[PDB]
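Heads up: the structure comes next, in structure tokens.
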Amino acid sequence: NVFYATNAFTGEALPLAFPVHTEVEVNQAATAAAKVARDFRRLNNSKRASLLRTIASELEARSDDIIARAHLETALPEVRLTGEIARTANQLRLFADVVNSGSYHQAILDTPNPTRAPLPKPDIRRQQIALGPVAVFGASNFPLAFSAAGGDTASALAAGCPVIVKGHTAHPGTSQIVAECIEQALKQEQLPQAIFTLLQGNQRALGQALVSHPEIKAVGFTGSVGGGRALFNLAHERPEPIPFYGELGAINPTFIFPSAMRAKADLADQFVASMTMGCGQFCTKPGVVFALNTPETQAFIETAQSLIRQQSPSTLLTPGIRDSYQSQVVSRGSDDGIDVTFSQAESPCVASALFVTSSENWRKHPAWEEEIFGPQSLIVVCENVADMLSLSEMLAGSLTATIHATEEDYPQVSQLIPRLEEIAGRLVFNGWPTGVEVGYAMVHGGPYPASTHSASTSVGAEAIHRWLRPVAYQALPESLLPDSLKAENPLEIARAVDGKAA
Amino acid sequence: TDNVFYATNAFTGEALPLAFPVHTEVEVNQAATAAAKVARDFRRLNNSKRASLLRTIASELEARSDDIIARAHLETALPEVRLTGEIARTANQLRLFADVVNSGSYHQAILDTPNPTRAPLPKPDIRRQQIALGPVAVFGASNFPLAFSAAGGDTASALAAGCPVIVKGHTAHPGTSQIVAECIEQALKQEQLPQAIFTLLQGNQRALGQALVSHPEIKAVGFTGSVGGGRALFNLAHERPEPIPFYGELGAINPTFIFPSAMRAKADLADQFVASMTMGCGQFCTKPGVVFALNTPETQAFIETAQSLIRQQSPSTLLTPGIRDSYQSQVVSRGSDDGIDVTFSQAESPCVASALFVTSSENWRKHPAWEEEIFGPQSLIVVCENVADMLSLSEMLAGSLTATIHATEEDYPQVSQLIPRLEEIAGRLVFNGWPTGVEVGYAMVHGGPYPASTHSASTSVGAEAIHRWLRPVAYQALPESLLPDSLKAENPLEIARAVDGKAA
Ligand SMILES: NC(=O)c1ccc[n+]([C@@H]2O[C@H](COP(=O)([O-])OP(=O)(O)OC[C@H]3O[C@@H](n4cnc5c(N)ncnc54)[C@H](OP(=O)(O)O)[C@@H]3O)[C@@H](O)[C@H]2O)c1
Ligand SMILES: NC(=O)c1ccc[n+]([C@@H]2O[C@H](COP(=O)([O-])OP(=O)(O)OC[C@H]3O[C@@H](n4cnc5c(N)ncnc54)[C@H](OP(=O)(O)O)[C@@H]3O)[C@@H](O)[C@H]2O)c1
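Keeping their order, the protein sequence lines are chains D and A. Position 444 of the first sequence, counted from 1, bears residue number 450 in PDB author numbering, the numbering being contiguous throughout. Position 388 of the second sequence, counted from 1, bears residue number 392 in PDB author numbering, the numbering being contiguous throughout.
Pasting the structure below:
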């Protein structure tokens with residue numbers, strides 16, 4: 007059995023057939039991955055770092071092919087795709103630096119004390135090592151940076167874990183080219199092909215078997231709350247439960263104070279640009295804005311409403327995503343106590359939408375907190391700041407939380423931050439949540455449903471730690487200790503001794 | 005409460021004085037609600053203040069040491085000499101986390117230096133730190149009524165992280181937990197902090213623990229106990245509308261590999277083995293439950309020496325009637341199997357006999373039910389055909405807290421093939437020593453692959469245990485005045501911070 011990718015612009019099948027893999031290929035892939043797991047995590051840091059950089063170069067070399075195919079499969083602009091390939095490549099290079107530095111080892115040493123009474127203090131040293139093969143499900147809205155060679159794959163390979171990707175049916179051709187790049191990189195580095203494997207197929211039994219395979223030791227997922235939670239449950243029902251890192255969705259609450267409105271005349275313009283970026287197909291898209299019932303807000307709303315009406319027709323990633331959006335916006339727009347403004351569009355294109363309501367009705371409709379993936383957003387007009395702070399106390403988990411204010415509001419903002427810290431992974435001040443910097447301090451995730459594991463990040467240097475577990479070595483002789491823990495520190499890595507700074 | 009219950013005298017099986025309440029979902033809700041109410045203030049306290057609280061709890065514990073020891077002894081049958089040492093362990097454990105919190109290292113401050121003139125788009129100012137998850141539920145261990153219970157490692161590390169704690173008191177030692185709770189109550193009063201920071205719930209109705217694990221205000225769980233109950237509670241924790249981290253240590257048999265040269269080098273190795281497996285009457289989670297050795301004369305002698313020592317062991321009194329009944333029932337069943345020899349010490353119920361089983365790697369491969377742990381003064385020796393056989397066996401070992409190797413330089417070539425295999429199944433590897441002792445320091449890893457732990461990427465003992473109760477938050481473009489002290493440009497707390505990848 008085979009299947010074809012769908013032309014995002016026409017809804018018709020694109021050339022090139024892809025295989026429909028099943029539990030048979032899963033078993034084969036997982037078995038081979040397990041077979042090379044030990045050697046892969048034992049490679050010199052410099053070697054695995056080299057592999058990551060080689061993958062980055064190979065990807066750049068096929069940029070032409072990737073962009074051309076991804077554009078037809080997703081309808082994302084070639085310029086957006088060109089920027090994403092660069093993000094993807096530099097992301098891989100970041101982890102190459104991380105691995106090379108040996109920081110991920112997190113070497114910790116307890117200085118022994120043989121003359122301690124009653125009992126002597128033993129020599130104990132610990133480091134982090136790879137969990138084993140990792141299964142990765144890529145994101146449909148970021149076919150490159152969050153997919154086949156995305157953040158989850160890059161950080162897992164960096165940690166020393168073989169990777170098996172369940173290719174997203176929304177962009178099989180894109181993933182195939184990326185897989186060919188990784189295949190080339192492994193050949194040049196002269197490393198086992200089983201280090202990375204791409205599986206394809208439009209039958210869900212595939213993903214379920216992968217998540218349930220006993221040789222799979224962790225999962226990386228980016229997608230819907232429905233499918234994500236289903237797979238998460240599968241992962242924890244296994245004879246041996248495994249970590250499941252899934253980003254399921256968020257509404258990214260934004261709080262705008264009057265003074266911020268007075269300070270930036272184009273704030274409404276910025277808002278619309280943020281919510282319509284990539285036709286609103288960003289997980290960090292500001293889905294709800296809380297503002298006060300003042301003239302500034304009423305003007306903000308009218309400006310935003312006017313821009314929305316003016317907005318051009320949008321083509322979503324797939325006809326399927328197109329359908330869910332249309333039915334949900336028309337459906338919500340008919341709910342109690344909600345005003346909606348639509349742009350002009352005819353299927354297969356969708357219209358952008360801006361909903362407006364009061365905090366009274368927001369409290370009455372908890373379903374409005376659920377994300378509607380597409381170029382739509384909601385504005386909630388609050389009675390006063392107390393009303394606004396009250397609302398923040400009940401917010402569900404989110405990737406981000408944004409605040410627009412000036413010094414005049416700091417007294418109230420100082421009370422709001424502690425509440426937002428509890429529900430979001432990243433707080434943004436006087437800016438928009440859309441952009442996600444791939445650096446060292448990033449936290450892309452947060453409380454459920456933003457992530458199934460709030461104590462982690464799927465983007466940034468710290469993402470590597472999701473695929474590692476510690477091992478303590480007690481009283482082992484120097485010759486038997488891994489290089490990272492040898493007394494002389496031959497790798498010259500950062501290590502923490504008796505609590506001192508590493 | 006509608007009902008009360010009594011603790012059981014570990015030596016007589018009769019009820020001890022003092023009745024304890026049987027809490028239900030009602031007290032769970034009250035406790036969790038109150039804990040949630042003080043969670044924010046608790047995590048925002050100055051590091052020095054929360055550090056002081058931990059030290060005050062340690063002092064209060066020491067002040068009631070005589071009462072704790074006297075009660076714990078009757079409730080558990082553990083020697084007072086052992087309990088006196090555990091109180092010190094408990095107190096110094098709290099002081100360790102006091103040092104951790106005070107140092108501000110747990111914040112794990114990380115900063116990305118901004119670059120406003122970067123093209124196409126500028127690089128924003130991003131800073132991140134770890135903050136408390138919120139209220140934490142703790143289930144204490146029956147075999148370590150002090151260091152792994154009410155004021156044990158999970159409670160200590162959680163309070164250190166800034167999380168309120170609700171302990172579901174173990175029914176095996178309610179009186180011990182009560183005294184410990186009174187100590188924490190005193191410490192909170194002295195520090196002038198909310199009582200809701202710590203709450204002890206008691207009761208012998210399982211509905212209690214299940215309601216606690218499922219309460220929406222509870223944000224994480226610490227558990228030390230059986231795989232049956234532990235896995236059940238773990239599943240509950242992940243079926244919640246909002247799944248929460250569950251850190252449970254469920255069991256292990258701590259595989260030990262002994263090479264011929266090691267037995268030659270230490271004539272008393274068998275003696276050491278027996279001492280390790282019978283320590284605390286074998287009621288250690290790190291007890292060496294299975295020893296793999298080669299089919300050589302040294303091994304036969306080792307076995308005969310161990311067997312002789314086992315025959316002379318003093319009758320043992322276990323922790324609870326259930327652990328007792330479970331031990332007796334399980335050792336007799338296994339001994340009746342074919343292909344396995346068992347040696348018992350002399351004992352009459354309720355006391356139990358120590359036991360040493362012996363079998364071949366073939367029969368071990370034929371009876372997978374033998375890898376199942378049996379909590380008590382019992383252990384198994386598996387005689388292997390050769391080193392290759394030994395290595396083949398290590399490849400199929402279940403997760404364990406520890407893995408031990410006894411060898412000399414002679415064996416290093418084979419030991420180097422074995423370590424990589426053991427790294428994959430154990431949280432801590434011990435060389436030429438025994439797994440029983442667990443050093444409370446900075447490098448410890450007490451846990452490991454399932455079932456040793458439900459979250460292999462963590463430790464329940466050691467300074468790093470604090471990270472189980474924390475989650476990161478990134479702050480982007482916030483002004484200095486709105487940022488937490490740990491992330492302020494001037495670093496007013498003078499804590500270790502990592503900038504642009506540099507070493508903290
Ligand atoms: N918050 C985040 O970080 C974020 C960002 C990006 C993506 N997502 C979300 O993803 C949604 C866009 O739809 P999507 O197509 O990317 O999501 P999706 O339907 O959840 O699909 C994601 C992947 O999981 C697979 N899958 C889903 N449920 C599964 C199950 N129960 N059994 C087996 N496989 C399963 C899909 O297989 P098929 O290939 O068969 O569909 C696909 O490969 C939006 O809501 C977007 O916000 C989350
Ligand atoms: N790996 C380590 O770090 C470590 C250290 C020490 C102890 N342990 C393990 O602890 C075990 C000792 O057995 P145990 O009898 O003390 O353990 P247990 O039966 O698992 O009980 C532990 C606690 O969990 C509660 N509990 C268990 N089942 C529950 C359920 N399904 N619903 C609600 N509450 C539940 C018990 O309540 P009741 O009080 O009502 O029974 C008790 O307070 C041994 O297997 C030992 O290896 C592990």
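Note that beta-carbon positions come from the ideal geometry of N, C-alpha and C, so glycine has one too.
Cβ of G234 of chain D within 8 Å of any heavy atom in ligand 1? The residue you call residue 234 of chain D lines up with position 228 of the first sequence. Yes - ligand 1 has a heavy atom lying nearer than 8 Å to the Cβ of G234 of chain D.
Within the stretch 412-494 of chain A, note down every full alpha helix (DSSP H) run reaching 4 residues or more, in order along the chain.
416-427
* To do: Compute every distance between the C-beta of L87 of chain A and the non-hydrogen atoms of ligand 1, then say whether any falls below 8 Å.
  => Within the second sequence, numbered from 1, the residue matching residue 87 of chain A stands at position 83. Result no, Cβ not under 8 Å from ligand 1.
Any contact of the stretch 461-478 of chain D with the stretch 119-138 of chain D, i.e. 3+ C-beta pairs under 8 Å?
yes
Give the residues of chain A in contact with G431 of chain D, contact being defined as C-beta atoms less than 7 Å apart. Here residue 431 of chain D is taken as the residue at index 425 of the first sequence, counted from 1. By Cβ distance, chain A contributes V477, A478.
According to DSSP, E253 of chain A sits in a beta bridge with which residue or residues?
Sequence index remark: in the second sequence, residue 253 of chain A carries index 249 (1-based). Note: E253 of chain A sits in a beta bridge opposite A:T228.
- Does ligand 2 have a heavy atom nearer than 8 Å to the CB of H174 of chain A? Position 170 of the second sequence holds residue 174 of chain A. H174 of chain A: yes, Cβ under 8 Å from ligand 2.
Check: Under the criterion of a Cβ to heavy atom distance below 8 Å, does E377 of chain D qualify as lining ligand 1?
Finding: Locating residue 377 of chain D in the first sequence gives position 371, where the first residue counts as 1. Yes, the beta carbon of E377 of chain D sits closer than 8 Å to at least one heavy atom of ligand 1.
query = Mind checking whether the beta-carbon of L237 of chain A lies closer than 8 Å to any heavy atom of ligand 2?
reply = By 1-based counting over the second sequence, the position of residue 237 of chain A is 233. Correct: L237 of chain A has its Cβ closer than 8 Å to ligand 2.
task: Report the neighbours of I423 of chain D on chain A: residues whose CB is nearer than 7 Å to its CB, in chain order.
output: Numbered from 1 along the first sequence, position 417 holds the residue referred to as residue 423 of chain D. Correct list: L486.
### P325 of chain D versus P319 of chain D: straight-line alpha-carbon distance, rounded
Position 319 of the first sequence, counted from the first residue, corresponds to residue 325 of chain D. Position 313 of the first sequence, counted from the first residue, corresponds to residue 319 of chain D. The alpha-carbon atoms of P325 of chain D and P319 of chain D are separated by roughly 14 Å.
Note to self: Could you check whether the Cβ of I73 of chain D sits closer than 9 Å to any Cβ belonging to chain A?
What the structure shows: The count along the first sequence starts at 1 and reaches residue 73 of chain D at position 67. No, because no Cβ of chain A sits closer than 9 Å to the Cβ of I73 of chain D.
Which same chain residues, not among the five before or five after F238 of chain A, have their C-beta less than 7 Å away from its C-beta?
-> For the purposes of this step, residue 238 of chain A is taken as residue 234 along the second sequence, with counting starting at 1. Cβ neighbours of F238 of chain A beyond the five flanking positions: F250, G252, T458.
Under three-state DSSP, which class holds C355 of chain D? Residue 355 of chain D sits at position 349 when you count from the first residue of the first sequence. DSSP places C355 of chain D in coil when its eight states are reduced to three.
Alpha carbons only, please: which of A:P372, A:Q316, A:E66, A:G229 is nearest the one belonging to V294 of chain A? By one-based count along the second sequence, residue 294 of chain A stands at place 290. Among A:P372, A:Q316, A:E66, A:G229, the Cα nearest to that of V294 of chain A belongs to A:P372.
Practice prompt. Given a cut-off of 9 Å, decide if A256 of chain A and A456 of chain A are closer than it, judged by their beta-carbon atoms.
Written response: Within the second sequence, numbered from 1, the residue matching residue 456 of chain A stands at position 452. Within the second sequence, numbered from 1, the residue matching residue 256 of chain A stands at position 252. In contact: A456 of chain A and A256 of chain A (Cβ atoms closer than 9 Å).
Margin query: Against chain D, does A507 of chain A count as a neighbour if the rule is that its beta carbon must be under 9 Å from one of theirs?
Written below: Taking the second sequence and counting its residues from 1, the one referred to as residue 507 of chain A is at position 503. Chain D, which has a Cβ nearer than 9 Å to the Cβ of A507 of chain A, makes this yes.
message: Please give the ranges of any alpha helix (DSSP H) in the stretch 284-356 of chain A, keeping only runs that are unbroken, at least 4 residues long and fully inside the region.
response: 301-315, 325-339
Report task. Return the CA-CA distance between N258 of chain D and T408 of chain D, expressed in angstroms with no decimal places. Result -> Your numbering for residue 258 of chain D matches position 252 in the first sequence. Your numbering for residue 408 of chain D matches position 402 in the first sequence. When rounded, the distance between both Cα atoms is 7 Å.
Integer-rounded CB distance, given that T406 of chain A should sit under 8 Å from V434 of chain A = Here residue 434 of chain A refers to the residue found at position 430 when the second sequence is read from its first residue. Here residue 406 of chain A refers to the residue found at position 402 when the second sequence is read from its first residue. Confirmed, Cβ separation roughly 6 Å.
Residues, ordered as in the chain, of the stretch 32-53 of chain D that lie near chain A by beta-carbon distance below 8 Å: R44, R48
Cβ of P83 of chain D within 9 Å of any chain A Cβ: Stepping through the first sequence from its first residue, residue 83 of chain D is reached at position 77. With 9 Å as the cut-off, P83 of chain D does not count as an interface residue toward chain A.
| query | Does the Cβ of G229 of chain D lie closer than 8 Å to at least one heavy atom of ligand 1? | reply | In the first sequence, counting from the first residue as 1, residue 229 of chain D sits at position 223. Yes, the beta carbon of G229 of chain D sits closer than 8 Å to at least one heavy atom of ligand 1.
- Item | Beta-carbon proximity check, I188 of chain D vs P139 of chain D, cutoff 9 Å | Start at 1 with the first residue of the first sequence, and residue 188 of chain D comes out as number 182. Start at 1 with the first residue of the first sequence, and residue 139 of chain D comes out as number 133. No, Cβ-Cβ distance for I188 of chain D and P139 of chain D is not below 9 Å.
- Task: Tell me, to the nearest whole angstrom, how far the beta carbon of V26 of chain A is from that of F9 of chain A; I am working on the premise that it is less than 8 Å.
- Result: For the purposes of this step, residue 26 of chain A is taken as the residue at position 22 of the second sequence. For the purposes of this step, residue 9 of chain A is taken as the residue at position 5 of the second sequence. Indeed, because the Cβ distance is near 6 Å, the residues count as touching under 8 Å.
### Message
Between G441 of chain A and chain D, is any beta-carbon pair separated by less than 9 Å?
### Response
In the second sequence, the residue the question calls residue 441 of chain A occupies position 437. Yes, its Cβ sits closer than 9 Å to a Cβ of chain D.
Practice problem: Have a look at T175 of chain D and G451 of chain A and give me their C-alpha separation to the nearest angstrom. | Solution: Locating residue 175 of chain D in the first sequence gives position 169, counting from the first residue. Locating residue 451 of chain A in the second sequence gives position 447, counting from the first residue. Looking at the two C-alpha atoms, the distance is approximately 39 Å.
If you check the beta carbons only, do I262 of chain D and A305 of chain D fall under 9 Å apart? As a working mapping, residue 262 of chain D is identified with position 256 in the first sequence. As a working mapping, residue 305 of chain D is identified with position 299 in the first sequence. For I262 of chain D and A305 of chain D, no; Cβs fall outside 9 Å.
Taking only three categories from DSSP, how would you classify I170 of chain D? The residue you call residue 170 of chain D lines up with position 164 of the first sequence. Three-state DSSP puts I170 of chain D in a strand.
message: What I want to know is whether the C-beta of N7 of chain A ends up closer than 8 Å to one or more non-hydrogen atoms of ligand 2.
response: Taking the second sequence and counting its residues from 1, the one referred to as residue 7 of chain A is at position 3. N7 of chain A Cβ: outside cutoff for every heavy atom of ligand 2.
Rounded separation between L65 of chain D and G89 of chain D - CA only: Position 59 of the first sequence, counted from the start, is the residue given in the question as residue 65 of chain D. Position 83 of the first sequence, counted from the start, is the residue given in the question as residue 89 of chain D. If you take the alpha carbons of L65 of chain D and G89 of chain D, they lie about 13 Å apart.
Contacts of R132 of chain A in chain D (Cβ-Cβ under 7 Å)
Here the question's residue 132 of chain A lines up with position 128 in the second sequence. Result: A447, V449.
Worksheet entry | Between the CA atoms of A266 of chain A and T412 of chain A - distance to the nearest angstrom | The residue given as residue 412 of chain A occupies position 408 in the second sequence. The residue given as residue 266 of chain A occupies position 262 in the second sequence. Each residue's alpha carbon lies about 6 Å from the other.
**OP:** Give the residues from the stretch 264-287 of chain A that approach chain D closer than 7 Å (Cβ to any Cβ), ordered along the chain.
**Re:** none
task = Quick one: list the residues of chain D neighbouring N436 of chain A, beta-carbon separation under 8 Å, in chain order.
result = Walking along the second sequence from the start, residue 436 of chain A turns up at place 432. The contacting residues are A481.
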